[PDB]
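**Student:** Experimental structure and sequence below.
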Number of protein chains: 2
Amino acid sequence: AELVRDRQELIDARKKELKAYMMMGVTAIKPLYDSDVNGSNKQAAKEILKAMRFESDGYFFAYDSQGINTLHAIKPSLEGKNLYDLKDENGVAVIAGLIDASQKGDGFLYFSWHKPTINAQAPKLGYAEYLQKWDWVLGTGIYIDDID
Amino acid sequence: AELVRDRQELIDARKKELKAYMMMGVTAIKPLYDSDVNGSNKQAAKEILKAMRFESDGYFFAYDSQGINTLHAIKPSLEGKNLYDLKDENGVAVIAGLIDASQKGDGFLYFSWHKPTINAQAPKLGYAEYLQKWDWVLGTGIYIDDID
């Protein structure tokens, strides 16, 4: 019960951090987002979000409501690909799950994904917010393999 | 000793957060900073940094090595003023202390400053990093009045 409690404390602290990091990304592009005329500023906002880090493994991605990648800080070759049907190694439908979490739920989803610092899959806790003007589900995450 | 220990744990957790937030701000402007030609991109970087928040009280400021404010997210009327001699209510030379912390020390300084959410002075822990190309001591902080 105690070791379980300590783990949940660590998770909850990380969820609070995730909301802060997301706020930083959303506010960093706010001048562009607010002044946008039919997508004129999307390219500029992409360049800012893809540069941002809160640690080596701490980066942004975004997908539209159809599951098409609109930006990826780590693997920009994903941009323009439809990943709606993508499943992780445990059968989690990651992209569909993030779209739904951000729109209909609390923004959070557990799944496995490439982890930059080891170039291999690892368990992650993702957090996404929906930016309706651009139809972007904008997300980031923390890796939980240290806990787990 | 226990209540002292819990306070130090809270402080250290906040210092870790501060380093993350600073990284986000530094990386958000990296494309601009890296491609800058003699200050051409400073204005654009200011607009991004002044919009960023990690909470209502979580924002950026910057001063040059002479103590001249170069950006302030909360009170932009400070920009261009020389605040090198400024002292808080406890006689802490805030601007000189941040310049020195960022250049010669560990980046951290305790001082009191206007806190947005109460529009009044409150104790703060600041963290600054030096960006030499622009001579900006770029900083942010967390308010500690809750602990204290």
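**Tutor:** All right, it came through fine. Numbers count the residues shown, from 1 in each chain, chains lettered A, B, ... in the order given.

**Student:** Please name the nearest non-neighbouring residue to residue A:98.
**Tutor:** Distance criterion C-beta to C-beta, 6 or more residues apart in numbering or on different chains; nearest residue to residue A:98, sequence neighbours excluded, is residue A:128 at 4.6 Å. All C-beta atoms are positioned from the backbone trio N, CA, C, and that covers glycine.

**Student:** Quick check: that neighbour is in a helix.
**Tutor:** No. Counting by DSSP: H, G, I helix; E, B strand; the rest coil, residue A:128 is not found in a helix; it is strand.

**Student:** Residue A:133 touches residue A:37, doesn't it?
**Tutor:** No. Using C-beta atoms under 8 Å, residue A:133 is not in contact with residue A:37; the gap is 10.7 Å.

**Student:** Comparing the two, which shows the higher neighbour count?
**Tutor:** It is residue A:133, of residue A:133 and residue A:37, that has more neighbours when counted by other C-beta atoms under 10 Å in any protein chain shown, with 11 against 6.

**Student:** Return the distance of the more buried one relative to residue B:119.
**Tutor:** 31 Å (C-beta to C-beta, to the nearest Å).

**Student:** ditto for residue A:63
**Tutor:** Computed as C-beta to C-beta, the residue A:63 to residue B:119 distance reads 40 Å.

**Student:** Have a look at those two and say which one is more surrounded.
**Tutor:** residue A:63 (29 against 7).

**Student:** Contacts only, for the more buried one.
**Tutor:** Shown in contact with residue A:63 (C-beta atoms under 8 Å, 6 or more residues apart in numbering or on different chains): A:69, A:70, A:83, A:95, A:98, A:99, A:136, A:137, A:139.

**Student:** Filter those down to just the ones in strands.
**Tutor:** Among the contacts of residue A:63, the residues falling in strands (DSSP state E) are A:69, A:70, A:136, A:137, A:139.
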